[PDB]
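Chain lettering (A, B, C, D, E, F and G) follows the sequence in which the chains are written, and residue indices restart at 1 in each chain.
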Amino acid sequence: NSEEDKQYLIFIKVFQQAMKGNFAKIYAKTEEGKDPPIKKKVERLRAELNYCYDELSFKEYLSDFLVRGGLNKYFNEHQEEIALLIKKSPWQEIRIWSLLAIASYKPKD
Amino acid sequence: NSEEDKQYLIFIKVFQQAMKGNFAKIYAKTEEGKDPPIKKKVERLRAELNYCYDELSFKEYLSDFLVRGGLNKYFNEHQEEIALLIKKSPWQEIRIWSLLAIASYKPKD
Amino acid sequence: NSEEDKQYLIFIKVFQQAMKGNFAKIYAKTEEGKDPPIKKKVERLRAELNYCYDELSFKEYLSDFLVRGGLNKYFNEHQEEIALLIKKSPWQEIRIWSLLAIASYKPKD
Amino acid sequence: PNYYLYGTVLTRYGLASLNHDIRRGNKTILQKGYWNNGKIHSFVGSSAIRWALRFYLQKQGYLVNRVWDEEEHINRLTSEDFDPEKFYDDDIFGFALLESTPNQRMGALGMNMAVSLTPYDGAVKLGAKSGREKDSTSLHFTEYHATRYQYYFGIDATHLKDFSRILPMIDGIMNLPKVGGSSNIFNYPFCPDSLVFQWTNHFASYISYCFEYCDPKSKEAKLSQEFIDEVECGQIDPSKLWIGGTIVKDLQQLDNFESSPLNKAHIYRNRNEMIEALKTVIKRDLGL
Amino acid sequence: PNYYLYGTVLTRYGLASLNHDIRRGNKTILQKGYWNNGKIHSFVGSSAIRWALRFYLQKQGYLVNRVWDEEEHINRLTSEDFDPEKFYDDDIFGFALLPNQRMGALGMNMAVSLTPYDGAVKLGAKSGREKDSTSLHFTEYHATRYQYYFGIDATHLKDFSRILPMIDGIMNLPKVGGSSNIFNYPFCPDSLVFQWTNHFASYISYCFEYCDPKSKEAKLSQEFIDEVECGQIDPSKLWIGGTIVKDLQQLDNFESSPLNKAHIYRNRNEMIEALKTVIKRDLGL
Amino acid sequence: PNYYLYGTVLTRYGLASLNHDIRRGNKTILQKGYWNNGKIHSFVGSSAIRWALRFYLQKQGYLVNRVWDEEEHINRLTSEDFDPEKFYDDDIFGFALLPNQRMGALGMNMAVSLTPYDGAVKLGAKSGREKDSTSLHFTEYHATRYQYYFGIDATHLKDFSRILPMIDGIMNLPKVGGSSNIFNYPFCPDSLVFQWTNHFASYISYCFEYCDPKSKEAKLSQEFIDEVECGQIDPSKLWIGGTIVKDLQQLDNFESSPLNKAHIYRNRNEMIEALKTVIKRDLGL
Amino acid sequence: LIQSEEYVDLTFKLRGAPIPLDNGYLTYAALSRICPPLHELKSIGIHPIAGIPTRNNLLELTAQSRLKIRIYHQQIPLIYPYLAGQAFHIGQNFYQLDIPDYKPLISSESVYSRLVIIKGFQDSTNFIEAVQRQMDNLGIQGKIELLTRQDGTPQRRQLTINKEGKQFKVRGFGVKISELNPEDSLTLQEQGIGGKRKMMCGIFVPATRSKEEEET
């Protein structure tokens, strides 16, 4: 319930879909007998997320990550809501939401 | 409400329309039974957006992008304020908005 | 058990699994010596949790720690409930629950 | 009397990756935080400058309790009991022997963190271990920053066990060795290029950070309008003000400079002449 | 006495694509960033210059630990345990293993383009047909002269005589960067400003500047000339040479200027010989 | 010892349209950018010149891995595995498939027009199937001489005798660009400034310049003459031949100038023969 | 539908500080100072700069704002080295020009001129008969229409020549011309009408600009 909570939950879904897309891209990148990353790419994503000073940089990285994720439906249905949520709100809060999505993305894969 | 977000939203919409026109132009470019890439087009757009190095770069780039977008109705009703928003505001913020528009573009087609 | 009690227990289990992951990471990084310290890790975690002074800093640290934990199967099974509980509840109560989870932790034999 | 030597020194323009933060991932980040106008500036810790001053004191002879090995990268103490009367470093920087003459000393030098004059926007440098083989320690990133640095310090000269030890400290501030950082790939000389020193006998300074930028992405540096207003209004006695460096040219190019009270300060374009005059005044005042 | 050799090196004019940013997509992005007066300048990393110096030391037969294969394009270590006493590269550039560490006697800063980077992207198509990933491509190049600043702590060297090969390598620097097949950019100095002094203070870092934002002409910055004239930078310790010598001598009142008392040689070899004689005299070689 | 052949070659004056940029719209625009004095100059990619040299190697009968069909316009490989020992192509230009790779002895830079681009454009009517329609499109042409800089690492060659065919190909360069070269522009040298030395440093990168912005004759840059006079460039290692020799010999004080003792020949072939004799003597061929 | 030969449109991307809406002598003098040969040319015209209107009588330069020059395609090598890549100053601001692009001269049934100046003709009827006479000299047939404001009055414009200390007053009309056929349309586009062709007035352009000028 509550509009803010629904927006937060479906933004978590958006971020989880984006990480699914990025992880699929990494899976496609690797070849041969080398073991494709699963956990260390998550650690890389964590390191890149914490590497974020001020706002401009974090929003740039978040937008780049979302685009690199590729196709996603939760952002498809909700354009205005997530656009306003990302444009507004402190960047630290959005980083907290992104980390919370990271910690709970894995049930998908 | 607080019409800055109105300008942000119709900027997103005009960006989505312009990119759709560009994907249509690329569809016109390709020929014969090769499948016209769609995800690769988005990847190419993201890479070109990240190629810029402030001010002149990405400003003439995004102006040319909107121009090649074709007949954009919302742009026609929103020439002046979109141009003013382009001239003002930091360029990295414009890049963030463009990347968000890319991430939220799909459900048109 | 009420739904609030269920979510509280799931959060305790989530935090315990995150501590399991962090301590396993420390064990792997500090295999040298007679044995990597365990009490020192708990003291470090307690000091870092008590360092937090406001909601934003504490929730940032909590999300960072939870992601550093790893898979966190209890968070896999409960995206929305645990995410809403973390976002909504006052940070002092979440710190109390986290410290209770720390106290009620069993290192793997 | 209680004489204090306050001063703000501005470094030279150059790529600087002097002070870093927690290792994080593959990217070494600078020590940065909000400084002015809500913009993020890069910082150099004052402990780095204190270490550089200690190294200068060690290199130019002198007696220092802490001796940097410079070969094993280890610190050795000549005497386990700190003696500020004999050793320069104990007298100047103080000590604190907590493990369990006084065991603690407040030191005569007080420094503040060096603040980049220019906001830190981007400036991440790609680094590769090269070769054809790749591994975990292959692709790394290092943050740098093309800016001038500016720090503020204050000396309680009367607190020194030996009053003459202030002169080597000024010499070290002038000919400062490398400040801790990646000098292999980012060699940043920390020698001053503009000085605003004040040799007064009261605690108020008002000269903490007198340098401010223009055109925030440029190497040009000017004296802050607040400092000039402080000088002109009557505060900050010009006879106690020592200004030296490349800021002298900009100060002299100002309109109505001759009529301004700033003209009565000790202004030397050559830093060596300004330091010599200031040391002459210090020796006269301290009875050296 | 602690002796330090500081120097700013200006390269020749040409089309340069030496250091690139992260490579993905169509464009090979030149390593660029902000510089003086707030304009984008192309950069060359100091690690590449250090690699070039080490490669020069290898090619001249000096004993080094790391050896460039030139066939496998990998780095081989002659000895797993670094020994600065025996190996030139370990003594000069230091090492880190993770004594297993050494700070090295050479400290070098990143190379900065004299001229701001405006445009000049190159077309990289590969013959005809089969338009694969090796098809239409873009490469960024810059037509400018790069400038870098270095500093040597001579006393820190295990063998004091090793400074001379370092100067020779700085003179005859091998290939720097990667795009040598299509952008052959010699990195040998054409203008030099050296300072052989016994002070930690250096005021010669990045002393060159352009006269026209789009021209190949180079000129010593007015700040450096003011520094020399005021009294700072002892002219007896200043060594200036190269094509900047002509411009310096065409200046008015040059004879009365204190800059005239500096060691100014139009021929870079003569400057290097005189400076090496002074260094050998001072270091007891 | 390590031996290097550096050289700047100046082409003959004539109408030029080579290595065009993106053919956007109807116009075929030249590849142009900024050069000295901040003026627009037309460029020719060095990849085209390398392809022309490789084509010369193929045509002369030397064994090359890559063979141009000249009819199907498809590049075919004699052997999938690259063997620089046997193939001139792999020995000289290197290879990379992504010893799986080789750097290659030859290193070049883009050819730069001597005079600034005057902006001249030509009107042409291309064929059309719409009822024999003719559409007017714009093609840029530049009437100028191009100069490019190349560097040869003779030691890096697997076979030391392969340097001579490279010099012959540089002298007798085939058509550059191929179909894109609308006006047949001979890229064979008209004036040469070569340097056969054993040092990495070269100061002959772009030694040519124009007396007037609209002229069909060339002059050596005053910087190069100063470099020769001061003593930086050893005259015994300097080779000058072509039309520029005629202008040089008319200069006053030429006999007293250090430029005289350099190897200077009016005829390009005589200078090439003498340089090849010197190279064979030094390389032990 | 016919692309004119021997005549092109040299377009330089223009950037800088906002400029007066009536540049005219300003831009012409700046270019003449940069390019001495531009003064002695005859059959050359400078296009009115295209940018949105700002406050006062100023004009703000956008990314689509560009300096466009109509010139004989064989006379480009007389002004290209002076303009391509160089910079000119209007007042105290520096404006930069990049490598120009060539645009062909397209034919159109209806052509527009934002300003036409004829010496000694200030009223509408005398101006109309003067433009008819000028058509007669060049052998061009068409119907003359005058651009109107929101009130329907024929539109007048003023050119301010700041020659020496005194400032000068030269004024004219803005006409819309149709029924030309492609050949005469191209002839009028190259030749222009009236005087002051280099003075950012008297040249022609399609009627889309006519409607756009009519809007505001």
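The rule is simple: contacts are C-beta pairs under 8 Å (C-beta built on N, C-alpha and C of every residue); 3 or more make two chains touch, one makes a residue touch a chain.
Peer 1: On Cα atoms, by how many degrees is chain B rotated relative to chain C, nearest 5?
Peer 2: Angle of the fitting rotation, chain B to chain C: 75 degrees.
Peer 1: Across the interfaces B-E and F-G, which one involves more C-beta pairs in contact?
Peer 2: Between F-G and B-E, contacts are more numerous in F-G.
Peer 1: Could you state the distance in Å from the CA-based centre of chain B to that of chain F?
Peer 2: 43
Peer 1: Would you kindly tell me how far, in whole Å, the mean C-alpha position of chain F lies from that of chain D?
Peer 2: 54
Peer 1: Measure off the straight-line distance from the CA centroid of chain A to the CA centroid of chain C, and report it in whole Å.
Peer 2: A distance of 22 Å separates the two centres.
Peer 1: Hey, how far is the Cα centre of chain C from the one of chain F, in Å?
Peer 2: Measuring from centre to centre gives 67 Å for this pair.
Peer 1: Going through chain B residue by residue, note those that touch at least 2 other chains and give them in order.
Peer 2: As it turns out, chain B has no residue touching two or more other chains.
Peer 1: Do you know which chain F residues sit against two or more other chains?
Peer 2: 34, 38
Peer 1: Note the residues in chain G that touch 2 or more other chains, in rising order.
Peer 2: Only 85 qualify.
Peer 1: Using the touch definition from the top, list the residues of chain E that touch chain F in their complex.
Peer 2: 12-15, 56, 59, 70-73, 118-120, 122-124, 127-129, 141, 143, 171-175, 180-186, 188, 190, 212-216, 243, 246, 266-270
Peer 1: What part of chain C is in contact with chain A in the complex they form?
Peer 2: Within the complex, chain C contacts chain A at residues 18, 56, 59-60, 63-64, 66-72, 75-80, 82-84, 86-88.
Peer 1: Quick check: in the complex, which residue numbers of chain B touch chain E?
Peer 2: 44, 47-48, 51, 53-54
Peer 1: Can you name the residues of chain E that touch chain B in the complex?
Peer 2: 24-27, 29, 32, 40, 117
Peer 1: In their shared complex, at which residues does chain F touch chain G?
Peer 2: 26-27, 32, 34, 38-40, 116-121, 123, 135-136, 138, 213
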